[PDB]
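Below you'll find the structure, written out as structure tokens, and then a few comments.
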Amino acid sequence: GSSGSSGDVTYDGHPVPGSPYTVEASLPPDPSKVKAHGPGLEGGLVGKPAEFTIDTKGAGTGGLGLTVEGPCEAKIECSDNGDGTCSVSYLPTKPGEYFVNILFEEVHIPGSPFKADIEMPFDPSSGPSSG
């Protein structure tokens, strides 16, 4: 087979001023607190990357199920950021309507799905150029 190659990003943070001797992983899954805001929600462009910012810090610990209930089968890339947020990016195939189903621990958050209106991408600059 084959393979690729990539580097690694570094970050620096500090534990809560309360009990830094804990993994702050002892909290109930509060979806009502889970907020979802970003461009990927309002919409985007075809064959273009679209993601948003998800707030979990003020929610707890567990799992989130993201599914694109659209007319087509768009890929969904969900990866952790490290700052207590989720960087999910999707790539549509046709300009229509995508309902991002956001549920925490089998619990639909107050705001999902998030209808995202996708539009057609503009055309690149070519023609009037000499070289």
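Labels for the structure tokens follow display order: chains A, B, ..., residues from 1 in each chain, ligands from 1.
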
* residue 95 of chain A environment, 6 Å, only C-alpha atoms, sequence neighbours closer than 3 positions dropped, as a list in words -> residues 46, 118 and 119 of chain A

Selection export as an mmCIF file, in the first residue's frame, atoms kept: C-alpha atoms:
```cif
data_model
loop_
_atom_site.group_PDB
_atom_site.id
_atom_site.type_symbol
_atom_site.label_atom_id
_atom_site.label_comp_id
_atom_site.auth_asym_id
_atom_site.auth_seq_id
_atom_site.Cartn_x
_atom_site.Cartn_y
_atom_site.Cartn_z
ATOM 1 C CA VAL A 46 -20.199 22.935 -2.978
ATOM 2 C CA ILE A 118 -25.052 25.708 0.368
ATOM 3 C CA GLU A 119 -24.360 27.881 -2.675
#
```

* What are the DSSP strand (DSSP E) residues of chain A, as an MDAnalysis selection string? -> chainID A and resid 35:37 43:45 50:55 64:68 75:80 85:91 97:104 114:119

* Top pick for closest residue to residue 56 of chain A, considering A:30, A:69, A:123, A:24 and counting only C-alpha atoms -> A:30

* To do: Can you pull out every residue within 7 Å of segment 71-85 of chain A, counting only C-alpha atoms, but drop anything in the same chain fewer than 2 positions away, and send it as an MDAnalysis selection string?
  => chainID A and resid 53:57 68 87:93

How about saving the chosen residues, N, CA, C and O atoms kept, as a short mmCIF file (atom, residue, chain, number, x, y, z; two decimals), in the first residue's frame?
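Printed below is part.cif as written:
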```cif
data_model
loop_
_atom_site.label_atom_id
_atom_site.label_comp_id
_atom_site.auth_asym_id
_atom_site.auth_seq_id
_atom_site.Cartn_x
_atom_site.Cartn_y
_atom_site.Cartn_z
N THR A 53 -17.80 25.95 15.17
CA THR A 53 -17.26 25.83 16.52
C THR A 53 -18.30 25.28 17.48
O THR A 53 -19.41 25.80 17.57
N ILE A 54 -17.94 24.22 18.19
CA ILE A 54 -18.84 23.59 19.15
C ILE A 54 -18.33 23.75 20.57
O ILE A 54 -17.18 23.46 20.87
N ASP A 55 -19.21 24.22 21.46
CA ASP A 55 -18.85 24.42 22.86
C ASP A 55 -19.23 23.21 23.70
O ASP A 55 -20.41 22.85 23.79
N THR A 56 -18.23 22.58 24.31
CA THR A 56 -18.46 21.40 25.13
C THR A 56 -17.95 21.62 26.55
O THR A 56 -18.44 21.01 27.50
N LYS A 57 -16.95 22.49 26.69
CA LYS A 57 -16.37 22.79 27.99
C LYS A 57 -17.46 22.94 29.05
O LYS A 57 -17.36 22.36 30.13
N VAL A 68 -25.07 14.02 8.79
CA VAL A 68 -25.57 14.93 7.77
C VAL A 68 -26.80 14.35 7.07
O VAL A 68 -26.67 13.50 6.18
N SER A 87 -13.66 20.46 16.03
CA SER A 87 -13.51 21.01 14.69
C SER A 87 -14.03 20.04 13.64
O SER A 87 -13.26 19.28 13.05
N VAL A 88 -15.34 20.07 13.41
CA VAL A 88 -15.96 19.19 12.43
C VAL A 88 -16.12 19.89 11.08
O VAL A 88 -16.69 20.97 11.00
N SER A 89 -15.59 19.26 10.04
CA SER A 89 -15.67 19.83 8.69
C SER A 89 -16.33 18.84 7.73
O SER A 89 -15.98 17.67 7.69
N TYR A 90 -17.28 19.34 6.95
CA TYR A 90 -17.99 18.51 5.98
C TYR A 90 -17.80 19.04 4.57
O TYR A 90 -17.56 20.23 4.36
N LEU A 91 -17.92 18.15 3.59
CA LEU A 91 -17.76 18.52 2.19
C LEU A 91 -18.95 18.04 1.36
O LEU A 91 -19.07 16.86 1.03
N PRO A 92 -19.85 18.98 1.01
CA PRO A 92 -21.04 18.68 0.21
C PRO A 92 -20.70 18.33 -1.23
O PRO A 92 -19.55 18.44 -1.65
N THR A 93 -21.71 17.91 -1.99
CA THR A 93 -21.51 17.54 -3.39
C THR A 93 -22.40 18.38 -4.30
O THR A 93 -22.05 18.64 -5.45
#
```

* If you run DSSP over the backbone, which residues in chain A end up helix (DSSP H, G or I)? Put them as number ranges by chain. => A: 31-33, 39-42

Residues just named, written with C-alpha atoms as a PDB file, in the first residue's frame:
```
ATOM      1  CA  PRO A  31     -26.279  18.996  26.194  1.00  0.00           C
ATOM      2  CA  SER A  32     -28.470  22.002  26.989  1.00  0.00           C
ATOM      3  CA  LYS A  33     -25.156  23.825  27.386  1.00  0.00           C
ATOM      4  CA  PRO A  39     -20.151  29.252   9.102  1.00  0.00           C
ATOM      5  CA  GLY A  40     -20.696  25.558   8.446  1.00  0.00           C
ATOM      6  CA  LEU A  41     -24.050  25.978  10.173  1.00  0.00           C
ATOM      7  CA  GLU A  42     -25.422  28.889   8.146  1.00  0.00           C
TER       8      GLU A  42
END
```

* To do: Just the residues within 7 Å of segment 99-104 of chain A, please, counting only C-alpha atoms, with nothing from its chain fewer than 4 positions along; format it as a VMD selection string.
  => chain A and resid 31 63 to 70 108 to 109 112 to 116

Using N, CA, C and O atoms, can you write the selected residues to a file as a short mmCIF file (atom, residue, chain, number, x, y, z; two decimals), in the first residue's frame?
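In the end it all went to selection.cif:
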```cif
data_model
loop_
_atom_site.label_atom_id
_atom_site.label_comp_id
_atom_site.auth_asym_id
_atom_site.auth_seq_id
_atom_site.Cartn_x
_atom_site.Cartn_y
_atom_site.Cartn_z
N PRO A 31 -26.09 18.57 27.58
CA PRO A 31 -26.28 19.00 26.19
C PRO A 31 -26.88 20.39 26.09
O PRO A 31 -26.51 21.18 25.22
N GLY A 63 -20.00 11.75 24.59
CA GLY A 63 -19.87 11.58 23.15
C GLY A 63 -20.91 12.36 22.38
O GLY A 63 -22.00 12.64 22.89
N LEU A 64 -20.58 12.72 21.14
CA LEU A 64 -21.49 13.47 20.29
C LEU A 64 -21.67 12.79 18.94
O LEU A 64 -20.70 12.41 18.29
N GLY A 65 -22.93 12.63 18.53
CA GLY A 65 -23.21 11.99 17.25
C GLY A 65 -23.61 12.99 16.18
O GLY A 65 -24.70 13.56 16.24
N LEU A 66 -22.73 13.19 15.21
CA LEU A 66 -23.00 14.12 14.12
C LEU A 66 -23.32 13.38 12.83
O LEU A 66 -22.54 12.54 12.37
N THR A 67 -24.47 13.68 12.24
CA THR A 67 -24.89 13.04 11.00
C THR A 67 -25.51 14.05 10.04
O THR A 67 -26.36 14.85 10.42
N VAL A 68 -25.07 14.02 8.79
CA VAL A 68 -25.57 14.93 7.77
C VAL A 68 -26.80 14.35 7.07
O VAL A 68 -26.67 13.50 6.18
N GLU A 69 -27.98 14.81 7.47
CA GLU A 69 -29.22 14.33 6.88
C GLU A 69 -29.57 15.12 5.62
O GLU A 69 -30.55 15.86 5.59
N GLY A 70 -28.75 14.97 4.59
CA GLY A 70 -28.98 15.68 3.34
C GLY A 70 -29.41 14.75 2.22
O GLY A 70 -29.51 13.54 2.40
N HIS A 108 -30.53 15.10 21.54
CA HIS A 108 -30.54 16.19 20.58
C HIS A 108 -30.42 17.54 21.28
O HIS A 108 -31.26 17.89 22.11
N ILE A 109 -29.38 18.29 20.93
CA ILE A 109 -29.16 19.60 21.53
C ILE A 109 -30.22 20.60 21.08
O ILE A 109 -30.79 20.49 20.00
N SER A 112 -30.45 21.84 17.09
CA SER A 112 -30.19 20.95 15.97
C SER A 112 -31.46 20.23 15.54
O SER A 112 -32.40 20.06 16.31
N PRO A 113 -31.50 19.80 14.27
CA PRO A 113 -30.39 20.00 13.33
C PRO A 113 -30.22 21.47 12.94
O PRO A 113 -31.04 22.31 13.28
N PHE A 114 -29.14 21.76 12.22
CA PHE A 114 -28.86 23.12 11.78
C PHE A 114 -28.86 23.21 10.25
O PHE A 114 -27.86 22.92 9.60
N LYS A 115 -30.00 23.62 9.69
CA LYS A 115 -30.13 23.75 8.25
C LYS A 115 -29.06 24.68 7.68
O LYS A 115 -29.00 25.86 8.03
N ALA A 116 -28.22 24.14 6.80
CA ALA A 116 -27.16 24.91 6.19
C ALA A 116 -27.38 25.06 4.69
O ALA A 116 -27.37 24.08 3.95
#
```
